[PDB]
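Colleague: The structure follows.
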Amino acid sequence: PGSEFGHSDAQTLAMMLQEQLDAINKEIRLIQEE
Amino acid sequence: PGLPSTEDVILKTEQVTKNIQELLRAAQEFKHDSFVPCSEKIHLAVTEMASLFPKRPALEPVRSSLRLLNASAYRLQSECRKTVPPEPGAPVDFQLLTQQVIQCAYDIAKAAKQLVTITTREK
């Protein structure tokens, strides 16, 4: 299912989105090193 | 058609994340007029990434992640249409809008990450 965020403000959401994007870039980097 | 190469998945994923990154920038810089073109570039990037996988994937996690990816891109497209009301300048709750838009992008990135992981583990 889709994620449930309730009444999270844009600030909190932006942080979690950025964390998600950072995690993607980190995983890709780890893949390209092995 | 089977599972795509890790290199191909990374390429399409990076196009998705780049476009999502630009959307987040628009939200933070209050470029609310840019929400529709950003969502279209994202939706396109999502379509190209999805096309890397079989029309009917064998793997259950691919089916699940593609469902999340596609549904979230569509949901995003639905949300961004509020930045272009038929009467220019009409009342819009930009706080609620931005919240919904970032939620969609979060799940798109989430699904994209899952697909990257799935592809790598099968190689």
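Following the order of the structure tokens, chains are lettered A, B, ..., residues in each are numbered from 1, and ligands are numbered from 1.
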Can you tell me which residues surround range 10-12 of chain A at a distance of at most 9 Å, considering only C-alpha atoms, apart from same-chain residues fewer than 2 positions away, and format the answer as a list in words?

Modeller: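 Selected residues are residues 8, 14, 15, 16 and 17 of chain A; 27, 28, 95, 96, 98, 99, 100 and 102 of chain B.
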
Colleague: For N, CA, C and O atoms, I'd like the residues from the last selection saved as a PDB file, in the first residue's frame.

Modeller:
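To be explicit, this is the file written out as part-v9.pdb:
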```pdb
ATOM      1  N   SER A   8       1.323  15.160   8.772  1.00  0.00           N
ATOM      2  CA  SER A   8       2.707  15.621   8.723  1.00  0.00           C
ATOM      3  C   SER A   8       2.818  16.928   7.943  1.00  0.00           C
ATOM      4  O   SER A   8       2.181  17.082   6.899  1.00  0.00           O
ATOM      5  N   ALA A  14       9.468  16.716   3.621  1.00  0.00           N
ATOM      6  CA  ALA A  14      10.647  17.033   2.824  1.00  0.00           C
ATOM      7  C   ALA A  14      11.884  16.332   3.373  1.00  0.00           C
ATOM      8  O   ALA A  14      12.712  15.830   2.613  1.00  0.00           O
ATOM      9  N   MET A  15      12.001  16.296   4.697  1.00  0.00           N
ATOM     10  CA  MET A  15      13.120  15.619   5.337  1.00  0.00           C
ATOM     11  C   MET A  15      13.114  14.127   5.019  1.00  0.00           C
ATOM     12  O   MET A  15      14.145  13.557   4.665  1.00  0.00           O
ATOM     13  N   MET A  16      11.948  13.500   5.138  1.00  0.00           N
ATOM     14  CA  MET A  16      11.836  12.066   4.906  1.00  0.00           C
ATOM     15  C   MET A  16      12.021  11.711   3.434  1.00  0.00           C
ATOM     16  O   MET A  16      12.563  10.654   3.110  1.00  0.00           O
ATOM     17  N   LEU A  17      11.565  12.589   2.545  1.00  0.00           N
ATOM     18  CA  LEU A  17      11.805  12.403   1.119  1.00  0.00           C
ATOM     19  C   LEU A  17      13.297  12.460   0.825  1.00  0.00           C
ATOM     20  O   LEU A  17      13.828  11.616   0.106  1.00  0.00           O
TER      21      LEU A  17
ATOM     22  N   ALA B  27       9.002  22.743  -4.502  1.00  0.00           N
ATOM     23  CA  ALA B  27       8.167  22.835  -3.312  1.00  0.00           C
ATOM     24  C   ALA B  27       8.811  23.739  -2.269  1.00  0.00           C
ATOM     25  O   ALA B  27       8.140  24.551  -1.631  1.00  0.00           O
ATOM     26  N   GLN B  28      10.121  23.600  -2.106  1.00  0.00           N
ATOM     27  CA  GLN B  28      10.841  24.355  -1.090  1.00  0.00           C
ATOM     28  C   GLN B  28      11.056  25.811  -1.495  1.00  0.00           C
ATOM     29  O   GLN B  28      11.154  26.688  -0.639  1.00  0.00           O
ATOM     30  N   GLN B  95      -0.386  24.525   1.295  1.00  0.00           N
ATOM     31  CA  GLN B  95       0.196  23.714   2.359  1.00  0.00           C
ATOM     32  C   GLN B  95      -0.232  22.263   2.194  1.00  0.00           C
ATOM     33  O   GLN B  95       0.600  21.356   2.176  1.00  0.00           O
ATOM     34  N   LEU B  96      -1.536  22.055   2.068  1.00  0.00           N
ATOM     35  CA  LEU B  96      -2.082  20.726   1.842  1.00  0.00           C
ATOM     36  C   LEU B  96      -1.553  20.136   0.538  1.00  0.00           C
ATOM     37  O   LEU B  96      -1.176  18.967   0.485  1.00  0.00           O
ATOM     38  N   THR B  98       1.301  20.843  -1.163  1.00  0.00           N
ATOM     39  CA  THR B  98       2.711  20.491  -1.040  1.00  0.00           C
ATOM     40  C   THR B  98       2.892  19.213  -0.230  1.00  0.00           C
ATOM     41  O   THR B  98       3.705  18.355  -0.582  1.00  0.00           O
ATOM     42  N   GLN B  99       2.124  19.082   0.847  1.00  0.00           N
ATOM     43  CA  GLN B  99       2.164  17.866   1.654  1.00  0.00           C
ATOM     44  C   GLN B  99       1.832  16.639   0.815  1.00  0.00           C
ATOM     45  O   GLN B  99       2.563  15.650   0.838  1.00  0.00           O
ATOM     46  N   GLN B 100       0.737  16.711   0.066  1.00  0.00           N
ATOM     47  CA  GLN B 100       0.297  15.579  -0.740  1.00  0.00           C
ATOM     48  C   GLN B 100       1.306  15.252  -1.837  1.00  0.00           C
ATOM     49  O   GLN B 100       1.583  14.084  -2.108  1.00  0.00           O
ATOM     50  N   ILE B 102       4.622  15.824  -1.876  1.00  0.00           N
ATOM     51  CA  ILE B 102       5.824  15.202  -1.323  1.00  0.00           C
ATOM     52  C   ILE B 102       5.555  13.758  -0.872  1.00  0.00           C
ATOM     53  O   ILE B 102       6.427  12.896  -0.994  1.00  0.00           O
TER      54      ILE B 102
END
```

Colleague: Using DSSP secondary structure from the backbone, list all helix (DSSP H, G or I) positions within chain A, as a list in words.

Modeller: residues 10, 11, 12, 13, 14, 15, 16, 17, 18, 19, 20, 21, 22, 23, 24, 25, 26, 27, 28, 29, 30 and 31 of chain A

Colleague: Please produce an output containing C-alpha atoms for each residue in the selection, written as a PDB file, in the first residue's frame.

Modeller:
```
ATOM      1  CA  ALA A  10       5.790  19.878   4.537  1.00  0.00           C
ATOM      2  CA  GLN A  11       8.953  20.273   6.614  1.00  0.00           C
ATOM      3  CA  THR A  12       8.779  16.736   8.016  1.00  0.00           C
ATOM      4  CA  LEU A  13       7.803  15.276   4.646  1.00  0.00           C
ATOM      5  CA  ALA A  14      10.647  17.033   2.824  1.00  0.00           C
ATOM      6  CA  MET A  15      13.120  15.619   5.337  1.00  0.00           C
ATOM      7  CA  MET A  16      11.836  12.066   4.906  1.00  0.00           C
ATOM      8  CA  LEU A  17      11.805  12.403   1.119  1.00  0.00           C
ATOM      9  CA  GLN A  18      15.399  13.620   1.182  1.00  0.00           C
ATOM     10  CA  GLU A  19      16.314  10.704   3.450  1.00  0.00           C
ATOM     11  CA  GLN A  20      14.720   8.358   0.915  1.00  0.00           C
ATOM     12  CA  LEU A  21      16.655   9.970  -1.932  1.00  0.00           C
ATOM     13  CA  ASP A  22      19.905   9.845   0.054  1.00  0.00           C
ATOM     14  CA  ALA A  23      19.318   6.151   0.750  1.00  0.00           C
ATOM     15  CA  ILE A  24      18.855   5.472  -2.971  1.00  0.00           C
ATOM     16  CA  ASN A  25      22.081   7.251  -3.911  1.00  0.00           C
ATOM     17  CA  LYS A  26      23.973   5.454  -1.136  1.00  0.00           C
ATOM     18  CA  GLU A  27      22.708   2.042  -2.246  1.00  0.00           C
ATOM     19  CA  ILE A  28      23.561   2.742  -5.893  1.00  0.00           C
ATOM     20  CA  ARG A  29      27.043   3.836  -4.814  1.00  0.00           C
ATOM     21  CA  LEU A  30      27.507   0.607  -2.845  1.00  0.00           C
ATOM     22  CA  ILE A  31      26.408  -1.413  -5.878  1.00  0.00           C
TER      23      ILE A  31
END
```

Colleague: Can you write out as CSV which residues of chain B fall within 10 Å of chain A, alongside each residue's closest atom pair and its distance in Å to one decimal, counting only C-alpha atoms and ordering rows by chain and ascending residue number?

Modeller:
```
residue,atom,partner,partner_atom,distance
B:6,CA,A:31,CA,8.7
B:7,CA,A:32,CA,8.8
B:9,CA,A:28,CA,9.9
B:10,CA,A:28,CA,6.9
B:11,CA,A:28,CA,10.0
B:13,CA,A:24,CA,8.6
B:14,CA,A:25,CA,8.2
B:17,CA,A:21,CA,6.7
B:18,CA,A:21,CA,9.2
B:20,CA,A:21,CA,8.6
B:21,CA,A:21,CA,7.9
B:24,CA,A:14,CA,7.1
B:25,CA,A:14,CA,9.5
B:27,CA,A:10,CA,8.7
B:28,CA,A:14,CA,8.3
B:64,CA,A:1,CA,8.7
B:65,CA,A:1,CA,9.6
B:67,CA,A:1,CA,8.7
B:68,CA,A:2,CA,6.7
B:69,CA,A:2,CA,9.5
B:71,CA,A:2,CA,8.4
B:72,CA,A:2,CA,7.5
B:95,CA,A:10,CA,7.1
B:96,CA,A:10,CA,8.4
B:97,CA,A:10,CA,9.3
B:98,CA,A:10,CA,6.4
B:99,CA,A:10,CA,5.1
B:100,CA,A:10,CA,8.7
B:101,CA,A:10,CA,9.4
B:102,CA,A:13,CA,6.3
B:103,CA,A:13,CA,6.8
B:104,CA,A:2,CA,8.5
B:105,CA,A:17,CA,7.2
B:106,CA,A:17,CA,5.0
B:107,CA,A:2,CA,6.6
B:108,CA,A:2,CA,9.5
B:109,CA,A:20,CA,6.5
B:110,CA,A:20,CA,6.7
B:111,CA,A:2,CA,9.8
B:112,CA,A:24,CA,8.2
B:113,CA,A:24,CA,5.7
B:114,CA,A:24,CA,9.2
B:116,CA,A:28,CA,8.0
B:117,CA,A:27,CA,8.2
B:120,CA,A:31,CA,7.8
```

Colleague: Quick one, how far is CA of residue 5 in chain B from CA of residue 50 in chain B?

Modeller: 13.1 Å

Colleague: Find the distance between CA of residue 89 in chain B and CA of residue 42 in chain B and write it in Å to one decimal.

Modeller: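 Between CA of residue 89 in chain B and CA of residue 42 in chain B the gap is 25.0 Å.
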